[PDB]
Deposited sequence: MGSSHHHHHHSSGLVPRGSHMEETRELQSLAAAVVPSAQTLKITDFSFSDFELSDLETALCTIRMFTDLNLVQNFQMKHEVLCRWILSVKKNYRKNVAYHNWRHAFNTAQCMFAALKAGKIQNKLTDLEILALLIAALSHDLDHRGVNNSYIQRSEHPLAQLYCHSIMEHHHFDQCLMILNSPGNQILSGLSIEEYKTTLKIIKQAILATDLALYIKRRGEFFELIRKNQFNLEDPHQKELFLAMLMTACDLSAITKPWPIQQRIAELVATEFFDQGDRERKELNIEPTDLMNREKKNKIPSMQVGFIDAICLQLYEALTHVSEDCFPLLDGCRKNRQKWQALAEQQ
């Protein structure tokens, strides 16, 4: 046991309300590493995954700290804080967005693990679905490491189902796969034909939800979103004239239709769409002052 595991395992976990993890506007800038770990325990707990799958407290704690350690702190955007935020967006969409009741327990378990694990060992966009296969391999390696086996409570049939959902969810975070598959999702939604009871559409919806969470910095209150956009710029460049129009371009091409679609699946996800619209206005106004 390290010092960090001792302290995390012994801490009280504040409630979801106290931690503000149910809010689509959540920000981690003021949180220490230990506080993000406690937030992550609270997500597992309030989705009832600790109960329903009999996770030992110290095992969940070691797993969370192994995940965190296998992100690189030296990478400006694709690091533990991005993974932590993606998972918090998943938690908020499940709870405040009322997605929880559309999904099975095994799907929710797989979505939360995938959210936290989907960029593992990223070295920055400039450093040379190959990447997402590697993120999944890292995720599996951690799930199988001694003392980290948070899925040990599942039966082998549950285990196999969950692992395959995790893998598809992490593979879905490849934006090239999102662009190839979203047309079918938009098509089903515009024809009022979308139906989650169909396995094929369910898997499609889980893929889209992963992308919505992965991108969700774009939905945050403008001061937060501006700061996150700075991290992205740092990673893309360090490893400003045209940035506003590039942001508008990314919002239109990638984000707006996804959050509109998800609001059609669940009206309680509207704050994501609303936040993305408000950011597009701010960036456009700046783009017009070139």
Quiz item: What ranges of the deposited sequence, counted from 1, have no C-alpha atoms in this structure?
Solution: 1 to 22, 151 to 165, 277 to 296
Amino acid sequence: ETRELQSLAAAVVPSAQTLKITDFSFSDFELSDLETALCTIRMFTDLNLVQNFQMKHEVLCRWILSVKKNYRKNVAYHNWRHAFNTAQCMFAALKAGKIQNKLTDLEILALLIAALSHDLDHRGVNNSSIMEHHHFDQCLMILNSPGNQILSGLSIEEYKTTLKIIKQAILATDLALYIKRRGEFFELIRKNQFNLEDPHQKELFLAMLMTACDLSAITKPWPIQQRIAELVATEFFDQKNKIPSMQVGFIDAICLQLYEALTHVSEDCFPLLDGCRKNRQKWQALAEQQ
From here on, numbers count along this sequence of modelled residues.
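Between two forms, the rigid core is defined as the largest C-alpha subset superposing within 1.5 Å.
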Quiz item: 97 to 105 versus 71 to 79: which one's CA atoms end up farther from this form in 8 other deposited structures of this protein after a core fit?
Solution: 71 to 79
Quiz item: Which of the two stretches, 134 to 142 or 212 to 220, moves more in 8 other deposited structures of this protein when the core is held fixed, judged by C-alpha RMS distance?
Solution: 134 to 142
Quiz prompt | Segment of higher mean CA temperature factor, 154 to 162 or 196 to 204 | solution = 196 to 204
Exercise. Averaging the C-alpha B factors as listed in the entry, name the stretch that ends up higher: 168 to 176 or 94 to 102.
Key: 94 to 102
Exercise. Just grab whichever of 70, 45, 52, 36 has the top CA B-factor as deposited.
Key: 52
Quiz item: Between 107, 187, 121, 132, which carries the biggest CA temperature factor in the record?
Solution: 187
Exercise. State the tercile, meaning the lowest, middle or highest third, of residue 244 with respect to the CA B-factors recorded for its chain.
Key: highest
Quiz item: Based on the entry's values, in what third of the chain does the Cα temperature factor of residue 85 lie: lowest, middle or highest?
Solution: lowest
Quiz item: Lowest, middle or highest third: where is residue 211 by C-alpha B factor in its chain?
Solution: lowest
Practice problem: For residue 117, return the chain-relative third of its C-alpha B-factor as stated in the PDB record: lowest, middle or highest. | Solution: lowest
Exercise. Could you say whether, by C-alpha temperature factor, residue 142 belongs to the lowest, middle or highest third of its chain?
Key: lowest
